[PDB]
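Student: Provided herewith: target06.pdb, PDB, C-alpha atoms.
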ATOM      1  CA  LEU J   1     -10.199 -13.892  -7.781
ATOM      2  CA  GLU J   2     -12.803 -13.267  -5.074
ATOM      3  CA  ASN J   3     -10.164 -11.308  -3.160
ATOM      4  CA  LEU J   4      -8.700  -9.701  -6.277
ATOM      5  CA  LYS J   5     -11.817  -7.596  -6.757
ATOM      6  CA  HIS J   6     -11.434  -6.585  -3.112
ATOM      7  CA  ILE J   7      -7.731  -5.859  -3.500
ATOM      8  CA  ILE J   8      -8.010  -4.118  -6.862
ATOM      9  CA  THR J   9     -11.007  -2.102  -5.739
ATOM     10  CA  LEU J  10      -9.327  -1.398  -2.418
ATOM     11  CA  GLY J  11      -6.206  -0.596  -4.372
ATOM     12  CA  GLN J  12      -8.266   2.171  -5.931
ATOM     13  CA  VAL J  13      -9.663   3.333  -2.600
ATOM     14  CA  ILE J  14      -6.369   3.199  -0.750
ATOM     15  CA  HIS J  15      -5.237   5.246  -3.738
ATOM     16  CA  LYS J  16      -8.264   7.563  -3.770
ATOM     17  CA  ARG J  17      -8.223   8.087   0.003
ATOM     18  CA  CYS J  18      -4.479   8.726  -0.048
ATOM     19  CA  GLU J  19      -4.838  10.956  -3.098
ATOM     20  CA  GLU J  20      -7.322  13.033  -1.106
ATOM     21  CA  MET J  21      -5.300  12.798   2.133
ATOM     22  CA  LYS J  22      -5.112  16.158   3.886
ATOM     23  CA  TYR J  23      -1.873  15.117   5.608
ATOM     24  CA  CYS J  24       1.361  13.215   4.913
ATOM     25  CA  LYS J  25       0.178  12.980   1.304
ATOM     26  CA  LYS J  26       3.775  12.503   0.145
ATOM     27  CA  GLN J  27       3.906   9.000   1.591
ATOM     28  CA  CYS J  28       0.140   8.429   1.503
ATOM     29  CA  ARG J  29      -0.044   9.172  -2.223
ATOM     30  CA  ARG J  30       2.811   6.699  -2.651
ATOM     31  CA  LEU J  31       1.058   3.948  -0.686
ATOM     32  CA  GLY J  32      -1.935   4.130  -2.978
ATOM     33  CA  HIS J  33       0.009   4.740  -6.174
ATOM     34  CA  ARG J  34       2.370   1.940  -5.165
ATOM     35  CA  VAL J  35      -0.517  -0.226  -4.033
ATOM     36  CA  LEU J  36      -2.174   0.377  -7.401
ATOM     37  CA  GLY J  37       1.001  -0.841  -9.057
ATOM     38  CA  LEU J  38       0.552  -4.094  -7.156
ATOM     39  CA  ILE J  39      -3.003  -4.445  -8.422
ATOM     40  CA  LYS J  40      -1.968  -3.240 -11.882
ATOM     41  CA  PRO J  41      -0.314  -6.527 -13.058
ATOM     42  CA  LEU J  42      -3.310  -8.400 -11.675
ATOM     43  CA  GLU J  43      -5.620  -6.317 -13.846
ATOM     44  CA  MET J  44      -3.908  -8.081 -16.743
ATOM     45  CA  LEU J  45      -4.189 -11.467 -15.023
ATOM     46  CA  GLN J  46      -7.479 -11.376 -13.108
ATOM     47  CA  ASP J  47      -9.220  -9.180 -15.688
ATOM     48  CA  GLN J  48      -7.731 -10.295 -19.017
ATOM     49  CA  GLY J  49      -5.365 -13.052 -17.911
ATOM     50  CA  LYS J  50      -7.449 -15.813 -19.484
ATOM     51  CA  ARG J  51      -8.718 -17.861 -16.532
ATOM     52  CA  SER J  52      -7.213 -17.828 -13.037
ATOM     53  CA  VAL J  53      -7.733 -20.726 -10.626
ATOM     54  CA  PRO J  54      -7.500 -19.311  -7.058
ATOM     55  CA  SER J  55      -5.823 -22.233  -5.286
ATOM     56  CA  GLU J  56      -5.808 -22.519  -1.493
ATOM     57  CA  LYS J  57      -2.413 -20.807  -1.454
ATOM     58  CA  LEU J  58      -3.282 -18.173  -4.056
ATOM     59  CA  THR J  59      -6.425 -17.128  -2.193
ATOM     60  CA  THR J  60      -4.425 -17.088   1.041
ATOM     61  CA  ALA J  61      -2.042 -14.626  -0.596
ATOM     62  CA  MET J  62      -4.772 -12.453  -2.038
ATOM     63  CA  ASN J  63      -6.413 -12.849   1.363
ATOM     64  CA  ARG J  64      -3.315 -11.509   3.071
ATOM     65  CA  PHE J  65      -3.285  -8.958   0.265
ATOM     66  CA  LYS J  66      -6.866  -7.762   0.608
ATOM     67  CA  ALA J  67      -6.251  -7.740   4.355
ATOM     68  CA  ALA J  68      -2.818  -6.126   4.126
ATOM     69  CA  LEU J  69      -4.581  -3.384   2.188
ATOM     70  CA  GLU J  70      -7.014  -2.684   5.023
ATOM     71  CA  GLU J  71      -3.811  -1.875   6.890
ATOM     72  CA  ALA J  72      -2.754   0.762   4.363
ATOM     73  CA  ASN J  73      -6.335   1.963   3.919
ATOM     74  CA  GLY J  74      -6.775   1.828   7.673
ATOM     75  CA  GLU J  75      -3.483   3.593   8.259
ATOM     76  CA  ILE J  76      -4.348   6.242   5.684
ATOM     77  CA  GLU J  77      -7.854   6.403   7.143
ATOM     78  CA  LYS J  78      -6.758   6.592  10.779
ATOM     79  CA  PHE J  79      -4.241   9.221   9.673
ATOM     80  CA  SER J  80      -6.884  11.188   7.756
ATOM     81  CA  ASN J  81      -7.526  13.073  10.993
ATOM     82  CA  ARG J  82      -4.958  15.880  11.177
ATOM     83  CA  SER J  83      -5.227  15.511  14.954
ATOM     84  CA  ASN J  84      -3.720  12.046  14.554
ATOM     85  CA  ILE J  85      -0.986  13.050  12.107
ATOM     86  CA  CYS J  86       0.286  16.096  14.008
ATOM     87  CA  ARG J  87       0.265  13.935  17.144
ATOM     88  CA  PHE J  88       1.850  10.984  15.325
ATOM     89  CA  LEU J  89       4.705  12.990  13.797
ATOM     90  CA  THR J  90       5.951  14.824  16.889
ATOM     91  CA  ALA J  91       5.180  11.792  19.054
ATOM     92  CA  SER J  92       6.436   9.402  16.377
ATOM     93  CA  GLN J  93       3.840   6.635  16.714
ATOM     94  CA  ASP J  94       5.844   4.284  14.498
ATOM     95  CA  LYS J  95       8.309   6.724  12.896
ATOM     96  CA  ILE J  96       6.326   6.290   9.671
ATOM     97  CA  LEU J  97       2.626   6.423   8.779
ATOM     98  CA  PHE J  98       2.192   3.219   6.732
ATOM     99  CA  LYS J  99       5.660   1.727   7.212
ATOM    100  CA  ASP J 100       4.305  -1.431   8.836
ATOM    101  CA  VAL J 101       2.070  -1.779   5.785
ATOM    102  CA  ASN J 102       4.742  -1.313   3.140
ATOM    103  CA  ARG J 103       6.436  -3.988   5.238
ATOM    104  CA  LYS J 104       3.468  -6.347   5.552
ATOM    105  CA  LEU J 105       1.776  -5.293   2.325
ATOM    106  CA  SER J 106       5.100  -5.943   0.563
ATOM    107  CA  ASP J 107       5.661  -9.481   1.843
ATOM    108  CA  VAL J 108       2.143 -10.213   0.628
ATOM    109  CA  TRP J 109       2.958  -9.458  -2.992
ATOM    110  CA  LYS J 110       6.109 -11.522  -2.557
ATOM    111  CA  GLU J 111       3.864 -14.437  -1.616
ATOM    112  CA  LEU J 112       1.026 -13.417  -3.927
ATOM    113  CA  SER J 113       3.203 -12.925  -7.000
ATOM    114  CA  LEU J 114       5.410 -15.951  -6.329
ATOM    115  CA  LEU J 115       2.220 -18.002  -5.959
ATOM    116  CA  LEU J 116       0.702 -16.666  -9.169
ATOM    117  CA  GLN J 117       3.900 -17.610 -10.986
ATOM    118  CA  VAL J 118       2.950 -21.171 -10.038
ATOM    119  CA  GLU J 119      -0.842 -21.279 -10.288
ATOM    120  CA  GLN J 120      -1.133 -19.081 -13.392
ATOM    121  CA  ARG J 121       2.458 -19.461 -14.604
ATOM    122  CA  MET J 122       2.485 -15.693 -15.151
ATOM    123  CA  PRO J 123       6.027 -14.210 -15.391
ATOM    124  CA  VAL J 124       6.684 -11.728 -12.595
ATOM    125  CA  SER J 125       9.541  -9.438 -11.607
ATOM    126  CA  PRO J 126      11.008  -8.460  -8.188
ATOM    127  CA  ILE J 127       8.027  -6.243  -7.373
ATOM    128  CA  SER J 128       8.337  -4.145 -10.540
ATOM    129  CA  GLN J 129       5.986  -1.813  -8.677
ATOM    130  CA  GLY J 130       9.065  -0.737  -6.740
ATOM    131  CA  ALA J 131       9.322  -2.286  -3.277
ATOM    132  CA  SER J 132      11.327   0.765  -2.165
ATOM    133  CA  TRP J 133       8.207   2.132  -0.432
ATOM    134  CA  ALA J 134       9.919   1.702   2.936
ATOM    135  CA  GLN J 135      13.030   3.595   1.820
ATOM    136  CA  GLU J 136      10.880   6.506   0.638
ATOM    137  CA  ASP J 137       8.351   6.157   3.450
ATOM    138  CA  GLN J 138      10.957   6.786   6.133
ATOM    139  CA  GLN J 139      12.698   9.456   4.067
ATOM    140  CA  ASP J 140       9.346  11.214   3.894
ATOM    141  CA  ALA J 141       8.565  10.276   7.501
ATOM    142  CA  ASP J 142      11.578  11.878   9.153
ATOM    143  CA  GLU J 143      11.212  14.657   6.592
ATOM    144  CA  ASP J 144       7.444  14.974   7.055
ATOM    145  CA  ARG J 145       7.497  15.301  10.849
ATOM    146  CA  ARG J 146      10.439  17.678  10.470
ATOM    147  CA  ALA J 147       8.698  19.437   7.581
ATOM    148  CA  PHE J 148       5.269  20.298   8.974
ATOM    149  CA  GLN J 149       7.086  21.369  12.149
ATOM    150  CA  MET J 150       8.306  24.666  10.695
ATOM    151  CA  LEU J 151       8.648  23.984   6.965
ATOM    152  CA  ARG J 152       5.753  24.594   4.582
ATOM    153  CA  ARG J 153       3.811  21.425   3.769
ATOM    154  CA  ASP J 154       5.496  20.798   0.417
TER     155      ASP J 154
END
In structure tokens, write the structure found in this file.
Tutor:
Amino acid sequence: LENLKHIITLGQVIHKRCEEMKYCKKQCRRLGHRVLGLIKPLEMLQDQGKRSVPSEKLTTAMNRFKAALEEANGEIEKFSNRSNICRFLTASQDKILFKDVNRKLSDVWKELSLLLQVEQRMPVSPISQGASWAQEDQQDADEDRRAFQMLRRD
């Protein structure tokens, strides 16, 4: 739970920072809104889930989680500077802003949720949050870089 408060809170920041992102908001907004969805179920477990023993594995997941977040938050933060975005799109740093995160951040929930199902016995679904972040991230990536180029920042 020690990490949960860091993940949930960060889930709000990653969401607040992305919500206020001056660039690539399309994907950014998703990262946070999607991230929030990952912290959402926890809110029912960690907050009102009646107890929650953070085993060595559980904490390790939430650890990877809280850390994985810093990636999204860091990616959204490092991208906050338009100078970085404009130079990342045309240059294509990684083809997608927080793709590596949706990729790492995702696996975390897979290990965090699957662990919780054991430690807390809480029923979970295949990332109900919608692990399609990557599919939309790239769709918005190739579209973003190609959008801001000459198309109005929709």
Student: Residues of region 59-123 of chain J that have any atom at most 12 Å from an atom of region 12-18 of chain J: could you tabulate them with the shortest-distance atom pair and the distance in Å to one decimal, using only C-alpha atoms, ordered by chain and increasing number, as JSON lines?
Tutor:
{"residue": "J:66", "atom": "CA", "partner": "J:14", "partner_atom": "CA", "distance": 11.1}
{"residue": "J:68", "atom": "CA", "partner": "J:14", "partner_atom": "CA", "distance": 11.1}
{"residue": "J:69", "atom": "CA", "partner": "J:14", "partner_atom": "CA", "distance": 7.4}
{"residue": "J:70", "atom": "CA", "partner": "J:14", "partner_atom": "CA", "distance": 8.3}
{"residue": "J:71", "atom": "CA", "partner": "J:14", "partner_atom": "CA", "distance": 9.5}
{"residue": "J:72", "atom": "CA", "partner": "J:14", "partner_atom": "CA", "distance": 6.7}
{"residue": "J:73", "atom": "CA", "partner": "J:14", "partner_atom": "CA", "distance": 4.8}
{"residue": "J:74", "atom": "CA", "partner": "J:14", "partner_atom": "CA", "distance": 8.5}
{"residue": "J:75", "atom": "CA", "partner": "J:14", "partner_atom": "CA", "distance": 9.5}
{"residue": "J:76", "atom": "CA", "partner": "J:18", "partner_atom": "CA", "distance": 6.2}
{"residue": "J:77", "atom": "CA", "partner": "J:17", "partner_atom": "CA", "distance": 7.3}
{"residue": "J:78", "atom": "CA", "partner": "J:17", "partner_atom": "CA", "distance": 11.0}
{"residue": "J:79", "atom": "CA", "partner": "J:18", "partner_atom": "CA", "distance": 9.7}
{"residue": "J:80", "atom": "CA", "partner": "J:17", "partner_atom": "CA", "distance": 8.5}
{"residue": "J:97", "atom": "CA", "partner": "J:18", "partner_atom": "CA", "distance": 11.6}
{"residue": "J:98", "atom": "CA", "partner": "J:18", "partner_atom": "CA", "distance": 11.0}
{"residue": "J:101", "atom": "CA", "partner": "J:14", "partner_atom": "CA", "distance": 11.8}
Student: Separation of CA of residue 151 (chain J) and CA of residue 32 (chain J), in Å?
Tutor: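 Going from CA of residue 151 (chain J) over to CA of residue 32 (chain J), I get 24.6 Å.
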Student: Just say which residues the PyMOL selection byres ((chain J and resi 2-7) around 8) picks in this file, as a PDB file with C-alpha atoms, keeping the file's coordinate frame.
Tutor:
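Final output, result_27.pdb:
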ATOM      1  CA  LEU J   1     -10.199 -13.892  -7.781  1.00  0.00           C
ATOM      2  CA  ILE J   8      -8.010  -4.118  -6.862  1.00  0.00           C
ATOM      3  CA  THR J   9     -11.007  -2.102  -5.739  1.00  0.00           C
ATOM      4  CA  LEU J  10      -9.327  -1.398  -2.418  1.00  0.00           C
ATOM      5  CA  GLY J  11      -6.206  -0.596  -4.372  1.00  0.00           C
ATOM      6  CA  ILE J  39      -3.003  -4.445  -8.422  1.00  0.00           C
ATOM      7  CA  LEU J  42      -3.310  -8.400 -11.675  1.00  0.00           C
ATOM      8  CA  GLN J  46      -7.479 -11.376 -13.108  1.00  0.00           C
ATOM      9  CA  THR J  59      -6.425 -17.128  -2.193  1.00  0.00           C
ATOM     10  CA  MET J  62      -4.772 -12.453  -2.038  1.00  0.00           C
ATOM     11  CA  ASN J  63      -6.413 -12.849   1.363  1.00  0.00           C
ATOM     12  CA  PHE J  65      -3.285  -8.958   0.265  1.00  0.00           C
ATOM     13  CA  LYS J  66      -6.866  -7.762   0.608  1.00  0.00           C
ATOM     14  CA  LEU J  69      -4.581  -3.384   2.188  1.00  0.00           C
TER      15      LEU J  69
END
Student: What's the separation between CA of residue 25 (chain J) and CA of residue 82 (chain J), in Å to one decimal place?
Tutor: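 That distance, rounded to one decimal, is 11.5 Å.
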Student: Spell out the residues picked by the PyMOL selection byres ((chain J and resi 89) around 9) here, as a PyMOL selection string.
Tutor: chain J and resi 84-88+90-97+141-142+144-146+148-149
Student: Please indicate the distance in Å from CA of residue 23 (chain J) to CA of residue 37 (chain J), rounded to one decimal place.
Tutor: 21.9 Å
Student: The residues within 12 Å of (1.0, -19.5, -12.4), using all atoms listed in the file and the coordinates of the file, should be reported as a compact mmCIF listing (two decimals) with C-alpha atoms, keeping the file's coordinate frame; which are they?
Tutor:
# COMPACT_ATOMS: atom_id res chain seq x y z
CA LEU J 42 -3.31 -8.40 -11.68
CA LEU J 45 -4.19 -11.47 -15.02
CA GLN J 46 -7.48 -11.38 -13.11
CA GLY J 49 -5.36 -13.05 -17.91
CA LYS J 50 -7.45 -15.81 -19.48
CA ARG J 51 -8.72 -17.86 -16.53
CA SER J 52 -7.21 -17.83 -13.04
CA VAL J 53 -7.73 -20.73 -10.63
CA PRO J 54 -7.50 -19.31 -7.06
CA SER J 55 -5.82 -22.23 -5.29
CA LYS J 57 -2.41 -20.81 -1.45
CA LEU J 58 -3.28 -18.17 -4.06
CA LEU J 112 1.03 -13.42 -3.93
CA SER J 113 3.20 -12.92 -7.00
CA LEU J 114 5.41 -15.95 -6.33
CA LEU J 115 2.22 -18.00 -5.96
CA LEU J 116 0.70 -16.67 -9.17
CA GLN J 117 3.90 -17.61 -10.99
CA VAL J 118 2.95 -21.17 -10.04
CA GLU J 119 -0.84 -21.28 -10.29
CA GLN J 120 -1.13 -19.08 -13.39
CA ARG J 121 2.46 -19.46 -14.60
CA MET J 122 2.48 -15.69 -15.15
CA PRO J 123 6.03 -14.21 -15.39
CA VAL J 124 6.68 -11.73 -12.60
